[PDB]
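Dumped entry33.cif below, it's mmCIF, C-alpha atoms:
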```
data_model
#
loop_
_atom_site.label_atom_id
_atom_site.label_comp_id
_atom_site.auth_asym_id
_atom_site.auth_seq_id
_atom_site.Cartn_x
_atom_site.Cartn_y
_atom_site.Cartn_z
CA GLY A 1 89.09 115.71 86.55
CA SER A 2 87.28 115.74 89.90
CA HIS A 3 87.70 113.15 92.67
CA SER A 4 86.27 111.77 95.91
CA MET A 5 87.07 109.64 98.93
CA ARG A 6 84.23 108.06 100.92
CA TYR A 7 83.89 105.83 103.96
CA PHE A 8 80.79 103.72 104.58
CA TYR A 9 80.05 102.41 108.09
CA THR A 10 77.27 99.95 108.89
CA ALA A 11 76.27 98.58 112.28
CA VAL A 12 73.47 96.03 112.41
CA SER A 13 72.12 94.50 115.57
CA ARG A 14 71.18 90.86 115.87
CA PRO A 15 69.29 90.45 119.17
CA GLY A 16 69.48 86.87 120.39
CA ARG A 17 72.45 86.21 118.15
CA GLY A 18 75.36 88.21 119.53
CA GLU A 19 76.54 91.80 119.61
CA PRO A 20 75.99 94.21 116.66
CA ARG A 21 78.19 93.43 113.66
CA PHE A 22 80.24 96.39 112.39
CA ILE A 23 81.44 96.83 108.80
CA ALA A 24 83.40 99.63 107.09
CA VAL A 25 84.55 100.15 103.49
CA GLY A 26 86.58 102.96 101.97
CA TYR A 27 86.33 104.21 98.41
CA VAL A 28 88.35 106.48 96.18
CA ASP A 29 86.09 107.29 93.28
CA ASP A 30 84.50 104.04 92.11
CA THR A 31 87.44 102.10 93.53
CA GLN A 32 87.24 100.36 96.89
CA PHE A 33 90.63 100.49 98.58
CA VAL A 34 89.94 99.34 102.18
CA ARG A 35 87.67 97.22 104.35
CA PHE A 36 86.87 96.05 107.89
CA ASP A 37 84.45 93.44 109.24
CA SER A 38 83.91 92.95 112.97
CA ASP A 39 82.99 89.30 112.29
CA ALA A 40 86.41 88.46 110.79
CA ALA A 41 88.40 85.86 112.76
CA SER A 42 90.94 88.64 113.22
CA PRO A 43 89.16 91.99 112.61
CA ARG A 44 91.49 94.38 110.94
CA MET A 45 91.42 97.12 108.37
CA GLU A 46 92.60 95.43 105.19
CA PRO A 47 93.68 96.76 101.76
CA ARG A 48 91.58 96.31 98.66
CA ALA A 49 93.65 98.13 96.09
CA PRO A 50 97.37 97.65 95.30
CA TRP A 51 98.19 101.30 95.96
CA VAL A 52 97.42 101.17 99.69
CA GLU A 53 99.39 98.01 100.40
CA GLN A 54 102.51 100.17 100.58
CA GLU A 55 101.17 101.97 103.64
CA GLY A 56 103.25 101.12 106.70
CA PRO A 57 102.54 99.12 109.88
CA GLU A 58 101.62 102.28 111.80
CA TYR A 59 98.88 103.02 109.27
CA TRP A 60 97.17 99.65 109.48
CA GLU A 61 97.28 99.43 113.29
CA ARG A 62 95.93 102.97 113.51
CA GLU A 63 93.09 102.12 111.11
CA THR A 64 92.35 98.83 112.87
CA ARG A 65 92.34 100.75 116.16
CA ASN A 66 89.87 103.26 114.68
CA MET A 67 87.52 100.58 113.40
CA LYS A 68 87.37 98.79 116.75
CA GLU A 69 86.50 102.07 118.46
CA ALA A 70 83.98 102.56 115.66
CA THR A 71 82.16 99.30 116.35
CA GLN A 72 81.93 100.25 120.01
CA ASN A 73 80.66 103.74 119.18
CA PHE A 74 77.98 102.52 116.80
CA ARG A 75 76.92 99.80 119.24
CA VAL A 76 76.21 102.55 121.74
CA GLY A 77 74.55 104.52 118.95
CA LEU A 78 72.17 101.65 118.18
CA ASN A 79 71.34 101.16 121.85
CA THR A 80 70.75 104.87 122.51
CA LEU A 81 68.60 105.44 119.42
CA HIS A 82 66.67 102.25 120.19
CA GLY A 83 65.83 104.00 123.45
CA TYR A 84 64.75 107.23 121.77
CA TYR A 85 62.20 105.49 119.55
CA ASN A 86 60.98 103.14 122.29
CA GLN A 87 61.10 100.21 119.87
CA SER A 88 60.44 96.57 120.79
CA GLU A 89 63.26 94.26 121.87
CA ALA A 90 62.25 92.26 118.77
CA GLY A 91 64.39 92.53 115.65
CA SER A 92 67.50 93.93 114.01
CA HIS A 93 68.23 97.61 113.61
CA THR A 94 70.81 99.40 111.50
CA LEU A 95 73.00 102.45 111.94
CA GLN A 96 74.88 103.66 108.87
CA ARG A 97 77.32 106.47 108.19
CA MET A 98 78.81 107.85 105.00
CA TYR A 99 81.42 110.58 105.11
CA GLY A 100 84.34 111.85 103.04
CA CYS A 101 85.17 114.68 100.67
CA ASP A 102 85.13 115.92 97.07
CA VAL A 103 88.12 117.67 95.52
CA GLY A 104 87.95 119.69 92.31
CA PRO A 105 90.28 119.46 89.29
CA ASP A 106 92.39 122.06 91.10
CA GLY A 107 92.84 119.73 94.08
CA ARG A 108 90.81 121.83 96.50
CA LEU A 109 87.86 121.04 98.76
CA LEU A 110 84.60 121.17 96.81
CA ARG A 111 82.28 119.67 99.44
CA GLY A 112 82.51 117.71 102.69
CA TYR A 113 79.83 115.35 103.99
CA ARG A 114 79.06 113.22 107.03
CA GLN A 115 75.54 111.83 107.27
CA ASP A 116 73.96 109.11 109.40
CA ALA A 117 70.96 106.86 108.78
CA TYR A 118 68.93 104.74 111.18
CA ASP A 119 67.06 101.70 109.89
CA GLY A 120 67.65 102.84 106.31
CA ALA A 121 66.46 106.44 106.53
CA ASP A 122 68.15 109.79 107.07
CA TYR A 123 68.72 110.49 110.74
CA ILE A 124 71.17 113.35 111.00
CA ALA A 125 73.62 114.99 108.64
CA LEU A 126 76.38 117.58 108.78
CA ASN A 127 75.27 120.51 106.61
CA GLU A 128 77.36 121.67 103.66
CA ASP A 129 78.74 124.50 105.80
CA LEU A 130 80.28 121.86 108.08
CA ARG A 131 78.99 123.71 111.15
CA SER A 132 75.33 122.80 111.62
CA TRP A 133 73.21 119.65 111.64
CA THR A 134 69.93 118.67 110.04
CA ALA A 135 67.88 116.38 112.28
CA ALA A 136 65.34 114.34 110.34
CA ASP A 137 63.11 113.80 113.39
CA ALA A 138 62.40 114.24 117.11
CA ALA A 139 65.07 111.70 118.13
CA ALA A 140 67.75 113.08 115.83
CA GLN A 141 67.20 116.46 117.45
CA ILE A 142 68.25 115.02 120.80
CA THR A 143 71.42 113.81 119.10
CA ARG A 144 71.88 117.23 117.49
CA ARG A 145 71.92 118.79 120.94
CA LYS A 146 74.52 116.33 122.18
CA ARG A 147 76.73 116.99 119.18
CA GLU A 148 76.44 120.77 119.47
CA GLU A 149 77.31 120.72 123.17
CA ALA A 150 80.19 118.35 122.47
CA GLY A 151 81.56 120.35 119.54
CA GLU A 152 81.48 117.36 117.21
CA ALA A 153 80.93 119.65 114.21
CA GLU A 154 84.31 121.34 114.57
CA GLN A 155 86.09 118.01 114.95
CA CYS A 156 84.51 116.73 111.76
CA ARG A 157 85.35 119.90 109.83
CA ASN A 158 88.99 119.71 110.92
CA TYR A 159 89.20 116.25 109.38
CA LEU A 160 87.10 116.92 106.26
CA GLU A 161 89.14 119.96 105.30
CA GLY A 162 92.62 118.82 106.21
CA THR A 163 93.18 115.09 106.67
CA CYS A 164 90.45 113.86 104.33
CA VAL A 165 91.67 115.97 101.39
CA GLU A 166 95.37 115.39 101.94
CA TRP A 167 95.10 111.63 102.00
CA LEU A 168 92.68 111.69 99.07
CA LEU A 169 95.36 113.47 97.02
CA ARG A 170 97.94 111.07 98.38
CA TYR A 171 95.98 108.02 97.30
CA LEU A 172 95.37 109.73 94.00
CA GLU A 173 99.10 110.21 93.47
CA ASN A 174 99.98 106.72 94.71
CA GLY A 175 97.40 104.98 92.53
CA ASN A 176 97.53 107.35 89.56
CA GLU A 177 97.99 104.65 86.90
CA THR A 178 94.52 103.29 87.70
CA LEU A 179 92.64 106.05 89.51
CA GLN A 180 93.37 108.73 86.92
CA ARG A 181 92.91 106.30 84.04
CA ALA A 182 89.67 105.64 82.19
CA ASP A 183 89.08 102.32 80.44
CA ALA A 184 86.83 102.38 77.40
CA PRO A 185 83.87 99.99 77.10
CA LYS A 186 84.30 97.07 74.71
CA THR A 187 81.00 97.05 72.86
CA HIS A 188 79.02 94.67 70.65
CA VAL A 189 75.52 93.65 69.61
CA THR A 190 73.93 90.23 70.04
CA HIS A 191 71.01 88.82 68.09
CA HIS A 192 68.23 86.85 69.80
CA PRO A 193 65.22 85.82 67.66
CA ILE A 194 61.96 85.49 69.58
CA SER A 195 59.80 84.32 66.67
CA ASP A 196 59.65 84.40 62.86
CA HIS A 197 58.47 87.97 63.26
CA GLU A 198 60.30 89.43 66.24
CA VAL A 199 63.94 89.42 67.36
CA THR A 200 65.76 90.97 70.30
CA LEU A 201 68.83 93.13 69.74
CA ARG A 202 71.08 93.51 72.76
CA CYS A 203 73.85 96.11 72.95
CA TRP A 204 76.71 95.41 75.37
CA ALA A 205 79.27 97.64 77.08
CA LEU A 206 81.89 95.51 78.86
CA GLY A 207 85.07 96.11 80.82
CA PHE A 208 84.79 99.86 81.32
CA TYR A 209 85.77 102.23 84.11
CA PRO A 210 84.44 104.33 85.69
CA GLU A 211 80.84 103.24 86.29
CA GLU A 212 79.09 106.23 84.68
CA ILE A 213 78.05 105.37 81.11
CA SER A 214 75.28 105.92 78.56
CA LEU A 215 73.65 103.38 76.23
CA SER A 216 70.74 103.99 73.87
CA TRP A 217 69.00 102.69 70.75
CA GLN A 218 67.90 104.64 67.67
CA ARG A 219 65.61 103.83 64.76
CA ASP A 220 66.59 105.31 61.41
CA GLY A 221 68.50 107.91 63.41
CA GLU A 222 65.80 108.91 65.87
CA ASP A 223 65.80 107.86 69.52
CA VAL A 224 63.26 105.58 71.08
CA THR A 225 64.10 104.83 74.70
CA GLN A 226 60.62 104.04 76.03
CA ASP A 227 60.97 100.77 74.22
CA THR A 228 64.33 99.88 75.75
CA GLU A 229 65.20 97.22 78.25
CA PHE A 230 68.16 98.04 80.48
CA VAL A 231 69.98 96.26 83.27
CA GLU A 232 71.49 98.22 86.13
CA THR A 233 75.21 98.77 85.66
CA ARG A 234 76.98 95.86 87.33
CA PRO A 235 80.53 95.12 88.51
CA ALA A 236 82.52 92.46 86.65
CA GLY A 237 84.56 91.68 89.76
CA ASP A 238 87.78 92.92 88.20
CA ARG A 239 87.15 96.53 89.22
CA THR A 240 85.52 97.25 85.81
CA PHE A 241 81.81 97.41 84.89
CA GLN A 242 79.17 95.97 82.51
CA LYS A 243 75.83 97.08 81.04
CA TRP A 244 73.42 96.20 78.25
CA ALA A 245 70.35 97.69 76.61
CA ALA A 246 67.99 95.69 74.42
CA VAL A 247 65.09 96.37 72.07
CA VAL A 248 62.64 94.02 70.40
CA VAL A 249 62.51 94.67 66.68
CA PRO A 250 60.68 93.33 63.61
CA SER A 251 62.62 90.57 61.89
CA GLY A 252 64.09 92.20 58.79
CA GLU A 253 64.31 95.69 60.24
CA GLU A 254 67.58 95.18 62.13
CA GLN A 255 69.32 97.61 59.76
CA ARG A 256 67.17 100.50 60.98
CA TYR A 257 68.61 100.30 64.50
CA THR A 258 71.89 101.59 65.87
CA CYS A 259 73.16 101.44 69.43
CA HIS A 260 74.89 104.52 70.80
CA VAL A 261 77.51 104.51 73.55
CA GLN A 262 79.02 107.43 75.43
CA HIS A 263 81.73 106.92 78.03
CA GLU A 264 84.59 108.98 79.45
CA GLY A 265 87.09 106.51 77.99
CA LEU A 266 85.95 107.02 74.41
CA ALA A 267 87.58 109.79 72.38
CA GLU A 268 84.24 110.18 70.61
CA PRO A 269 80.78 108.59 70.99
CA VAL A 270 80.50 105.14 69.40
CA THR A 271 77.83 103.75 67.09
CA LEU A 272 77.12 100.03 66.74
CA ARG A 273 74.83 98.05 64.48
CA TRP A 274 74.04 94.35 64.21
CA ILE B 1 60.89 99.32 106.34
CA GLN B 2 62.30 96.28 104.53
CA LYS B 3 63.51 96.37 100.93
CA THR B 4 63.52 93.22 98.79
CA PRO B 5 66.89 92.46 97.16
CA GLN B 6 67.38 92.73 93.38
CA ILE B 7 69.46 89.99 91.78
CA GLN B 8 71.66 89.83 88.68
CA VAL B 9 73.46 86.67 87.67
CA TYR B 10 76.10 86.99 84.95
CA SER B 11 79.63 85.93 84.00
CA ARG B 12 82.70 88.16 84.18
CA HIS B 13 83.75 87.52 80.56
CA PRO B 14 81.60 86.40 77.61
CA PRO B 15 80.64 82.72 78.10
CA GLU B 16 82.42 80.03 76.08
CA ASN B 17 81.59 76.36 76.73
CA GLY B 18 84.59 74.69 78.35
CA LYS B 19 86.42 77.96 78.99
CA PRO B 20 87.14 78.89 82.65
CA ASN B 21 85.17 81.97 83.68
CA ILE B 22 83.87 83.71 86.80
CA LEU B 23 80.17 83.66 87.63
CA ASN B 24 78.78 86.70 89.45
CA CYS B 25 75.73 87.19 91.66
CA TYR B 26 75.01 90.87 92.17
CA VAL B 27 72.57 91.64 94.96
CA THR B 28 71.28 95.13 95.57
CA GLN B 29 68.55 97.32 96.99
CA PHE B 30 68.00 95.27 100.14
CA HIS B 31 67.45 96.24 103.78
CA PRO B 32 68.29 95.26 106.49
CA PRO B 33 71.90 94.26 105.69
CA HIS B 34 71.36 90.72 106.98
CA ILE B 35 71.41 88.32 104.04
CA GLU B 36 72.33 84.80 102.98
CA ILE B 37 73.57 84.04 99.48
CA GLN B 38 74.47 80.73 97.89
CA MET B 39 75.40 79.86 94.33
CA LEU B 40 74.17 76.67 92.68
CA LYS B 41 75.55 74.30 90.06
CA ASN B 42 72.84 71.97 88.73
CA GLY B 43 70.91 72.68 91.93
CA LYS B 44 73.71 71.83 94.34
CA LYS B 45 75.49 74.30 96.64
CA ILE B 46 78.92 75.53 95.52
CA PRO B 47 81.66 75.19 98.17
CA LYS B 48 84.02 78.09 97.46
CA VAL B 49 82.00 81.25 96.90
CA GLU B 50 83.69 84.58 97.40
CA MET B 51 81.83 87.46 98.95
CA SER B 52 82.72 91.10 98.49
CA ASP B 53 82.25 93.40 101.46
CA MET B 54 78.76 94.75 102.07
CA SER B 55 78.52 98.38 100.90
CA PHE B 56 75.59 100.74 100.37
CA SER B 57 74.27 103.40 98.03
CA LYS B 58 72.91 106.94 98.19
CA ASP B 59 69.48 105.68 99.22
CA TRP B 60 71.14 103.72 102.07
CA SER B 61 70.16 100.43 100.43
CA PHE B 62 72.80 97.70 100.43
CA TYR B 63 74.61 95.78 97.73
CA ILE B 64 77.09 92.93 97.59
CA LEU B 65 78.84 90.79 94.96
CA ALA B 66 79.14 87.02 95.26
CA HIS B 67 81.12 85.05 92.70
CA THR B 68 82.97 81.82 92.03
CA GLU B 69 85.03 80.21 89.29
CA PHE B 70 83.09 78.05 86.85
CA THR B 71 83.36 76.41 83.45
CA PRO B 72 80.17 76.93 81.39
CA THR B 73 78.94 74.00 79.34
CA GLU B 74 75.94 73.23 77.15
CA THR B 75 74.07 71.35 79.87
CA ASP B 76 75.23 72.51 83.31
CA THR B 77 72.89 75.03 84.96
CA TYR B 78 73.74 77.84 87.33
CA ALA B 79 71.73 79.81 89.86
CA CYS B 80 71.94 82.28 92.72
CA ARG B 81 69.79 81.74 95.74
CA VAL B 82 69.18 84.63 98.07
CA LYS B 83 67.56 84.47 101.49
CA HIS B 84 66.41 87.70 103.10
CA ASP B 85 63.96 88.76 105.81
CA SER B 86 61.97 90.80 103.27
CA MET B 87 60.88 87.62 101.51
CA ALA B 88 59.11 84.53 102.86
CA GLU B 89 60.68 82.27 100.27
CA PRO B 90 64.30 82.17 99.15
CA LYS B 91 64.58 83.85 95.75
CA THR B 92 66.37 81.95 93.00
CA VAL B 93 67.64 83.45 89.75
CA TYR B 94 69.19 81.29 87.04
CA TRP B 95 72.10 82.52 84.94
CA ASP B 96 71.13 83.26 81.36
CA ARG B 97 74.18 83.27 79.15
CA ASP B 98 72.47 85.84 76.95
CA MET B 99 72.01 88.35 79.75
CA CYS C 1 92.69 107.72 106.39
CA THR C 2 89.54 107.17 108.47
CA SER C 3 88.49 109.81 110.96
CA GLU C 4 89.14 109.52 114.65
CA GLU C 5 86.80 112.00 116.25
CA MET C 6 84.62 111.15 119.22
CA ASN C 7 81.07 110.26 118.52
CA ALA C 8 77.88 111.20 120.23
CA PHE C 9 74.37 109.89 119.71
#
```

Whole structure, structure tokens version:
Amino acid sequence: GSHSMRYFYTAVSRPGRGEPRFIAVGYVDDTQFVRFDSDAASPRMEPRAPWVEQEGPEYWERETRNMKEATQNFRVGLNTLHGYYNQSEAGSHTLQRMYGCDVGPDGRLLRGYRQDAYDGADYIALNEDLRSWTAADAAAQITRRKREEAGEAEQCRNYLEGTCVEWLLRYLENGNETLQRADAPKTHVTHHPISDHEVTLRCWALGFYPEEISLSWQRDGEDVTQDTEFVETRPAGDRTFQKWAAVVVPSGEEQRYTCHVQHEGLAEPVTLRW
Amino acid sequence: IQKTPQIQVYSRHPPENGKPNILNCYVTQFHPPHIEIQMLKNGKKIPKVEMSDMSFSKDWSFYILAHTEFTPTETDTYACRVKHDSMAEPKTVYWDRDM
Amino acid sequence: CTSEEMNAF
């Protein structure tokens, strides 16, 4: 269907403990494929999915080069912004960036993005037209000026439209057997008695990809979320995901309940019962 | 503004006493990105703990996955201990095999 | 492929 590539940059200062640490991670869809950590004994851009390992020496040195320039750029960014806000020399501060692109089922540019955050809140973002900026505050406006007078917008658009999309498609082709493949959740229901009168029924979805999924409980055929305990969808560590939803029910009434699971990997919605 | 981290402790595959598994500690929703995470067996630090790379979500909050090999038994306990500036005390969550 | 444009703040 539709696809995305995204890069996440984070720079966090540590006054009295060294120079700002810089970390980057790249994603295609829900799949991380690259990483960089300034604190690594030998900082380099490293592969996190089989289908990038094939990239040649010139790729990895170019990426490593880019990340080292990145850490320098964001270090300046932190220092400059720290000046804008006239903050105390005290504690840590953070500068984050997420950028990348969405391509439709046709393989064309749907939307490009490139937004920055300072200390966990929007700071400045490239608007959907890839030509203007939204400054979240007085300081970000100063930055806006600098970027407009430097023509940063055009530079970003050139990459978001061309390079970003091309390579996204490339990675998509190169990793097709996993990126364009959906794994269906393996589902079951567990039984946990609380007392002689109440028991918990937990409905599990394990080993699925992608992350997006839906779990719900029904009584006699009619919903009843408000009574349902979820956990946030979590990563198994094997690139797949997990989730459960539970409901406390009267001992003896287990039959009345059915768990319902919808996921891209299932031909048709599934129905479980204890 | 600081955000307290949310913690989930859970195995990679369904738990079977004596059967080699992977224990996960999933930490999310925290800010700033500075954080210390250890995993405990019976209350004692575990040497080899792997640490995914720190990433972040739409709301800019951070998440990271720590994990290590382990063999679940009837008696042995397991915990994740997280230390973060948003809390005064380290937060400890014990693994429940039913969750 | 990461982006290699100049940054300003």

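Reported to one decimal place, the separation of CA of residue 44 (chain B) from CA of residue 68 (chain B) is 13.8 Å.
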
Neighbours of chain C in chain A at 8 Å, counting all atoms listed in the file, as a CSV table (one decimal) with C-alpha atoms, in the coordinates of the input:
```
chain,number,residue,atom,x,y,z
A,7,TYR,CA,83.9,105.8,104.0
A,63,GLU,CA,93.1,102.1,111.1
A,66,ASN,CA,89.9,103.3,114.7
A,73,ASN,CA,80.7,103.7,119.2
A,76,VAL,CA,76.2,102.6,121.7
A,77,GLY,CA,74.6,104.5,119.0
A,80,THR,CA,70.8,104.9,122.5
A,81,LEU,CA,68.6,105.4,119.4
A,143,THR,CA,71.4,113.8,119.1
A,146,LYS,CA,74.5,116.3,122.2
A,147,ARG,CA,76.7,117.0,119.2
A,150,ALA,CA,80.2,118.4,122.5
A,152,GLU,CA,81.5,117.4,117.2
A,155,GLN,CA,86.1,118.0,115.0
A,156,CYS,CA,84.5,116.7,111.8
A,159,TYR,CA,89.2,116.2,109.4
A,163,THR,CA,93.2,115.1,106.7
A,164,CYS,CA,90.4,113.9,104.3
A,167,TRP,CA,95.1,111.6,102.0
```

- Item | Hits from the PyMOL selection byres ((chain A and resi 98) around 10), listed as an NGL selection string | (:A and (6-10 or 24-26 or 96-97 or 99-100 or 113-117 or 125)) or (:B and (56-58 or 60))

- Item | Given the PyMOL selection byres ((chain B and resi 82) around 6), the residues it picks as a PyMOL selection string | chain B and resi 36-37+81+83+90-91

- Item | Picked residues, the PyMOL selection byres ((chain B and resi 96) around 10), expected as a ChimeraX atom specification | /B:8-11,77-79,93-95,97-99

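Non-sequential neighbours of residue 70 (chain B) (distance at most 7 Å, separation of 6 or more positions within a chain, only C-alpha atoms) are residues 20, 21, 22 and 23 of chain B.
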
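For the residues A:140, A:172, A:267, A:40, ranking by smallest atom-to-atom distance to chain B using all atoms listed in the file places A:40 first.
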
- Task: Dump as a VMD selection string the residues of chain B that approach chain A to within 10 Å, counting all atoms listed in the file.
- Result: chain B and resid 1 to 3 6 8 to 14 22 to 28 30 to 34 52 to 62 64 to 67 98 to 99

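Rounded to one decimal, CA of residue 227 (chain A) and CA of residue 254 (chain A) lie 14.9 Å from each other.
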
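Using only C-alpha atoms, the residues found no farther than 8 Å from residue 179 (chain A), other than those of its own chain fewer than 4 positions away, are residues 28, 29, 31, 172 and 175 of chain A.
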
- Quick one: distance from CA of residue 153 (chain A) to CA of residue 126 (chain A) in Å, one decimal? 7.4 Å

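Surrounding residues of (86.9, 76.1, 79.6) at most 9 Å away are residues 16, 17, 18, 19, 20, 21, 70, 71, 72 and 73 of chain B (based on only C-alpha atoms).
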
- Query: So which residues are close to (74.0, 99.3, 61.6), meaning at most 9 Å away in the file's coordinates with all atoms listed in the file counted, and can you show them as an MDAnalysis selection string?
  - Reply: chainID A and resid 254:259 271:274

Produce region 70-88 of chain B of the given structure as output with N, CA and C atoms, as a PDB file, in the first residue's frame.
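Everything below was put into result25.pdb:
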```
ATOM      1  N   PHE B  70      17.049 -14.869  29.262  1.00  0.00           N
ATOM      2  CA  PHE B  70      16.765 -15.402  30.585  1.00  0.00           C
ATOM      3  C   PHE B  70      15.972 -16.699  30.505  1.00  0.00           C
ATOM      4  N   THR B  71      16.098 -17.517  31.539  1.00  0.00           N
ATOM      5  CA  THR B  71      15.347 -18.757  31.617  1.00  0.00           C
ATOM      6  C   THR B  71      14.416 -18.708  32.820  1.00  0.00           C
ATOM      7  N   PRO B  72      13.120 -18.478  32.558  1.00  0.00           N
ATOM      8  CA  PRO B  72      12.074 -18.345  33.578  1.00  0.00           C
ATOM      9  C   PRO B  72      11.976 -19.616  34.391  1.00  0.00           C
ATOM     10  N   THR B  73      11.765 -19.475  35.691  1.00  0.00           N
ATOM     11  CA  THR B  73      11.550 -20.620  36.556  1.00  0.00           C
ATOM     12  C   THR B  73      10.367 -20.318  37.452  1.00  0.00           C
ATOM     13  N   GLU B  74      10.055 -21.241  38.353  1.00  0.00           N
ATOM     14  CA  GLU B  74       8.952 -21.037  39.278  1.00  0.00           C
ATOM     15  C   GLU B  74       9.285 -19.948  40.293  1.00  0.00           C
ATOM     16  N   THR B  75      10.535 -19.935  40.748  1.00  0.00           N
ATOM     17  CA  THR B  75      10.937 -19.103  41.878  1.00  0.00           C
ATOM     18  C   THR B  75      11.626 -17.792  41.495  1.00  0.00           C
ATOM     19  N   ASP B  76      12.555 -17.854  40.546  1.00  0.00           N
ATOM     20  CA  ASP B  76      13.333 -16.676  40.161  1.00  0.00           C
ATOM     21  C   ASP B  76      12.445 -15.477  39.817  1.00  0.00           C
ATOM     22  N   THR B  77      12.795 -14.307  40.349  1.00  0.00           N
ATOM     23  CA  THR B  77      12.065 -13.081  40.039  1.00  0.00           C
ATOM     24  C   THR B  77      12.825 -12.217  39.053  1.00  0.00           C
ATOM     25  N   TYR B  78      12.112 -11.286  38.436  1.00  0.00           N
ATOM     26  CA  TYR B  78      12.701 -10.444  37.414  1.00  0.00           C
ATOM     27  C   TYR B  78      12.083  -9.059  37.426  1.00  0.00           C
ATOM     28  N   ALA B  79      12.937  -8.047  37.310  1.00  0.00           N
ATOM     29  CA  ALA B  79      12.499  -6.665  37.417  1.00  0.00           C
ATOM     30  C   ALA B  79      13.234  -5.749  36.451  1.00  0.00           C
ATOM     31  N   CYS B  80      12.647  -4.586  36.201  1.00  0.00           N
ATOM     32  CA  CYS B  80      13.341  -3.531  35.481  1.00  0.00           C
ATOM     33  C   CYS B  80      13.367  -2.303  36.367  1.00  0.00           C
ATOM     34  N   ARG B  81      14.540  -1.740  36.519  1.00  0.00           N
ATOM     35  CA  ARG B  81      14.712  -0.574  37.332  1.00  0.00           C
ATOM     36  C   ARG B  81      15.130   0.631  36.512  1.00  0.00           C
ATOM     37  N   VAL B  82      14.317   1.659  36.538  1.00  0.00           N
ATOM     38  CA  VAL B  82      14.572   2.811  35.698  1.00  0.00           C
ATOM     39  C   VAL B  82      14.861   4.029  36.560  1.00  0.00           C
ATOM     40  N   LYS B  83      15.910   4.754  36.192  1.00  0.00           N
ATOM     41  CA  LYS B  83      16.293   5.967  36.896  1.00  0.00           C
ATOM     42  C   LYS B  83      16.204   7.134  35.924  1.00  0.00           C
ATOM     43  N   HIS B  84      15.437   8.151  36.301  1.00  0.00           N
ATOM     44  CA  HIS B  84      15.205   9.291  35.429  1.00  0.00           C
ATOM     45  C   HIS B  84      15.019  10.561  36.246  1.00  0.00           C
ATOM     46  N   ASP B  85      15.451  11.685  35.683  1.00  0.00           N
ATOM     47  CA  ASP B  85      15.389  12.967  36.383  1.00  0.00           C
ATOM     48  C   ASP B  85      13.978  13.378  36.809  1.00  0.00           C
ATOM     49  N   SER B  86      12.962  12.808  36.163  1.00  0.00           N
ATOM     50  CA  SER B  86      11.579  13.188  36.435  1.00  0.00           C
ATOM     51  C   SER B  86      11.069  12.561  37.723  1.00  0.00           C
ATOM     52  N   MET B  87      11.826  11.609  38.248  1.00  0.00           N
ATOM     53  CA  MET B  87      11.448  10.918  39.469  1.00  0.00           C
ATOM     54  C   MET B  87      12.538  11.104  40.515  1.00  0.00           C
ATOM     55  N   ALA B  88      12.160  11.109  41.791  1.00  0.00           N
ATOM     56  CA  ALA B  88      13.143  11.240  42.866  1.00  0.00           C
ATOM     57  C   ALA B  88      13.701   9.873  43.219  1.00  0.00           C
TER      58      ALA B  88
END
```
